[PDB]
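In: Give me the fold of what follows.
(7 chains)
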Amino acid sequence: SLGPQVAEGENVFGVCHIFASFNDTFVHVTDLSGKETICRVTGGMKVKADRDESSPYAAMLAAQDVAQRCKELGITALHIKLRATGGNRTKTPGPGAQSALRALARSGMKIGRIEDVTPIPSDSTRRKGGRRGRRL
Amino acid sequence: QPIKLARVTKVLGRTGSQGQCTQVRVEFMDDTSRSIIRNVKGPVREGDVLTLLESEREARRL
Amino acid sequence: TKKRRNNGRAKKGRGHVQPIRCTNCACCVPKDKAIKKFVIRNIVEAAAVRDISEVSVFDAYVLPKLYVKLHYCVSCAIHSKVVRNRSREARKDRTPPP
Amino acid sequence: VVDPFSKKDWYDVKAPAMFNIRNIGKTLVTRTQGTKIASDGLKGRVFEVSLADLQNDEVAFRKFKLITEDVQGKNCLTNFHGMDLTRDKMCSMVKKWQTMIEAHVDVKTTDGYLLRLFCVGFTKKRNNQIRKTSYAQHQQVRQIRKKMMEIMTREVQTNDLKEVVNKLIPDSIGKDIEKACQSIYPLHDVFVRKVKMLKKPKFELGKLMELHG
Amino acid sequence: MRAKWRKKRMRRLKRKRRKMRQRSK
RNA sequence: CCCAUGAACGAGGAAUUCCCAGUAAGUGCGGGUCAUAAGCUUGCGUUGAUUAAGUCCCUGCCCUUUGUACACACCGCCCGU
RNA sequence: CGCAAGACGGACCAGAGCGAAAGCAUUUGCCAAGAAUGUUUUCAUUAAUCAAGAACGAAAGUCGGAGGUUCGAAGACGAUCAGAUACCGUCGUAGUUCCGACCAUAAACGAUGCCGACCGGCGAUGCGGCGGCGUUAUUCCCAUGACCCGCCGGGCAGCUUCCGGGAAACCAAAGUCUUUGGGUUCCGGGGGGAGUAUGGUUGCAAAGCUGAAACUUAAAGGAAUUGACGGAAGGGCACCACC
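Out: Numbering: from 1, shown residues only, chains lettered A, B, ... in the order given. Next comes the structure:
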């Protein structure tokens, strides 16, 4: 748990894939590659209720526990790849998105390139729900 | 972080569920050209000095 | 009685248009019929543009925006308060509201 | 009871010499503990590097994929794998009341690297244009698309993988197309939105070492 | 009674008349 | 009226009422009832605050726009087994 | 990071285009087709509409293959509920996809048959043509694109007007109708009974096309007005409301 970096000047970068769906928020830091993970903690890990897995608090509290773990392993800075559910479902990232970014910045870390990698399609398969949709 | 004083320079309107908080611009006592919008609980007229436990939080305009 | 001249939708000389799915609900709605609303939107609003720009490895890095074309089911839209009912005079106004 | 990041080894990553800012970042691996080698388990690693953390100071919205072909010793020697545009930029360009013009070219360099170059173009609403729309005809579109494909072939077929990346960096193909197609329909927001590898040739070690001095 | 379901009922009632008529054949 | 007996009650769960200045609340005194007669009411002083000068969150009510197959009018009309 | 399969063609995408309608959106090629404009080309009434007869005809559904990613009638559960064979959720067969054969129906809608004439104004847009200062590109002139300002025809539309009509809503057609006749096809005759029974006919089937009567009934219905009402939208007031 030490990236032997030059004393100060060097920002050792990861990339926190924030997957903020509308009933959970995933904060997951990897290497520049993405192919090696460093820390993952989701909203539902840090709340004892299914209701507030989505919650902006849950997302904040997970992102703090990410930041805590990323201090130890010698990651100074992160890039942000914010992600919504995507595909045939919503392109809009859930309420945990802002609070998570705000949190891990507010709670120690340094921030590089933010961008959306929400999985979007040319033409999709048929969406869940019928002809008449989700009637309530 | 320290606890910064601030001057009620304009009282804007009224916020909250029950109209329980005045919204206000506060001229900082250190930087006399930093004027932010802040929600205030209780009676406030022009020029009274509010003590802010942090100056980084900022109210959304009504 | 016929409420709208353009029978809700915006096809005149077609016969058929491809349907889309309302985003809130998921109901098959004709494209022209659907209440399409384009949303450019900062990835952080106001509370975090202060904090994140402060921890910006960079000097003078502009933030990205989030570009999503929302479609809406007519029910989808009115319950979500995107479009309101208007008086029979003000129904004929097509200018997008200021 | 044992931390798996106790077992890890922090390699530095190096970008080829065509780029200005050399080193990219760090990549932790499991130490070669048994059969499977760290060098072997650190090959097919796409590094999604922004250009403005790869050149001195150019347009930042362009990305590059670099994969670790060879691993010498605390140096992941990478090679160009495919340029891509930032969703931010790509979405910003797609405006209503103008014609989008896409093209794509299956092509091969002088060295046996096979690429699929995707171009995008947008018709420009003129200085004094009072008419709302800014749409091409279909023949206008397809003549533009024919010149896009003609130029992307003409400026990849002729020269090696090293030169075509040195063309993709500033904006050679995107601007050459826009100069060529003014007489058909004047378009403005012309980029090569994507490049992707299809066939890499059989890997020569000295050919990569050429791209690292 | 929606007119589509009145038709469906009357359609299944007609289907149960080509059952009692199908015995004498 | 006198002397004795000396109960629950240690600030009140869910809920809910009333009220911005001589106001709330504390305190007595008149009037009505009244042969006998105030834990009621109706008035009157006395002492005299806290908080607020707001909003439409709750509850009502009122407008405007809309929809209606309602018109002793949503406790309306009304469909099948 | 790859691999495989099958759907689907986002954003661009419009009150935009094309098609008889149903319908039609990755690239490129081939194939025949088509409206519109242009025409001092040709034939010279060849035409309009149409019982019979015929082509195409969404989706679902049927038969025999191929494929089965997603979604998902039936079904199995899990909730909600008084019940919940439903709305919500997880699986999920037929089906959804492709090929060959049926089926011939949709609020298949502009709920508006086709052809022709005439009667307002306006700025737009799409296609072709024609004309006109200027700017820009192929720069090396042209001539072609891209804008720009007009006109003409044809098209999808929009706004506006006491043309006129209409029960009105509304319609430049739904007008040119008691001042009633330009041509022609289909088709309606109070509400139910009933698109039912029956006969024929088409279909493997599901069903489609044609289609009554007894009987029952004083209304059913259309448009608009006022009110009440809403589990619609917005505004306003009140310590019998809240803070």
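In: Ignoring the adjacent residues along the chain, who's closest to residue A:73?
Out: Leaving aside its sequence neighbours, residue A:73 sits nearest to residue A:1 (CB to CB, 6 or more residues apart in numbering or on different chains; 4.8 Å). Where you see a C-beta, it was placed from the backbone N, CA and C, and this is true even at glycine.
In: Let me see the contact set for that neighbour.
Out: The contact partners of residue A:1, by CB atoms under 8 Å, 6 or more residues apart in numbering or on different chains, come to A:72, A:73, A:74, D:3, D:5, D:6.
In: What's the PyMOL line that selects buried ones from those residues?
Out: Buried residues within these, by 16 or more other CB atoms under 10 Å in any protein chain shown, are selected in PyMOL with:
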select buried, chain A and resi 73+74
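In: With secondary structure as new columns, can the contacts of residue A:1 be given to me in JSON lines?
Out: Output for the contacts of residue A:1, formatted as JSON lines (DSSP: H, G, I helix; E, B strand; the rest coil):
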{"residue": "A:72", "secondary structure": "helix"}
{"residue": "A:73", "secondary structure": "coil"}
{"residue": "A:74", "secondary structure": "coil"}
{"residue": "D:3", "secondary structure": "coil"}
{"residue": "D:5", "secondary structure": "coil"}
{"residue": "D:6", "secondary structure": "coil"}
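In: between the contacts of residue A:1, which is nearest residue B:16?
Out: Lowest distance from residue B:16 to the contacts of residue A:1 (CB to CB) belongs to residue A:72, with 42.8 Å.
In: which SSE is the residue of chain B at minimum distance from RNA strand F in?
Out: Nearest residue of chain B to RNA strand F (CB to the nearest atom of the strand) works out as residue B:19 at 2.0 Å. According to DSSP states H and E, residue B:19 maps onto no helix or strand at all.
In: tell me the SS of residue A:114?
Out: Classification of residue A:114 using three-state DSSP returns strand.
In: hey, what's it bridged with?
Out: residue A:80 (DSSP bridges).
In: Tell me where chain D has strands.
Out: D:8-14, D:23-30, D:47-50, D:62-71, D:75-85, D:100-108, D:114-122, D:191-194, D:197-199 (DSSP state E).
In: okay, these in TSV with mean neighbour count and distance to RNA strand F next?
Out: Formatted as TSV, those follow (neighbours: other CB atoms under 10 Å in any protein chain shown; distance: least, CB to the nearest atom of the strand, whole Å):
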stretch	mean neighbour count	distance to RNA strand F
strand D:8-14	19	54
strand D:23-30	20	51
strand D:47-50	20	46
strand D:62-71	21	47
strand D:75-85	21	45
strand D:100-108	17	39
strand D:114-122	21	41
strand D:191-194	21	46
strand D:197-199	12	58
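In: Which one, of those, ends up nearest to residue C:10?
Out: Of all those, the one in closest proximity to residue C:10, counting by CB to CB, is strand D:100-108 (20.8 Å).
In: Report the beta-bridge partners for the residue nearest the centre of chain D.
Out: Nearest to the mean C-alpha position of chain D, by CA atoms, centre = their mean, lies residue D:83 at 1.4 Å. Under DSSP bridges, the beta-bridge partners of residue D:83 are residue D:64.
In: now it: how far from residue D:194?
Out: Going from residue D:83 to residue D:194 by CB to CB, to the nearest Å gives 7 Å.
In: What's the local residue count around residue A:7?
Out: By the criterion of other CB atoms under 10 Å in any protein chain shown, residue A:7 has 5 neighbours.
In: Could you list the contact residues of chain C toward chain A?
Out: C:21-23, C:25-28, C:43-45, C:47-48, C:51-52, C:54-58, C:63-64, C:66, C:68, C:73, C:76 (CB under 8 Å from any CB of the partner chain).
In: same for chain D: which of the residues you listed are within range?
Out: Contacts with chain D within these, counted by CB under 8 Å from any CB: residue C:64.
In: Which members of the residues of chain C next to chain A are positioned in helices?
Out: Those of the residues of chain C next to chain A mapping onto helices are C:51, C:52, C:54, C:76, per DSSP state H.
In: who's in contact with the third one?
Out: What that stands for is residue C:54. Taking CB under 8 Å, 6+ apart, one finds residue A:105 in contact with residue C:54.
In: and of the ones in helices among the residues of chain C next to chain A, the nearest to residue C:93?
Out: Using CB to CB, those come closest to residue C:93 at residue C:76, 22.0 Å.
In: list the contacts for the residue nearest to the centre of chain D?
Out: Residue D:83 makes contact with D:62, D:63, D:64, D:65, D:165, D:168, D:192, D:194, D:195 under the criterion CB under 8 Å, 6+ apart.
In: Identify the residue spatially nearest to whichever residue of chain B sits closest to chain D, adjacent ones excluded.
Out: Nearest to chain D, among the residues of chain B, is residue B:60, at 25.3 Å (CB to the nearest CB). Closest residue in space to residue B:60, ignoring its immediate chain neighbours: residue C:46 at 6.9 Å, by CB to CB, 6+ apart.
In: do residue B:7 as well
Out: Taking CB to CB, 6+ apart, and ignoring the residues beside it in sequence, residue B:7 has residue B:27 as its nearest neighbour in space, at 4.3 Å.
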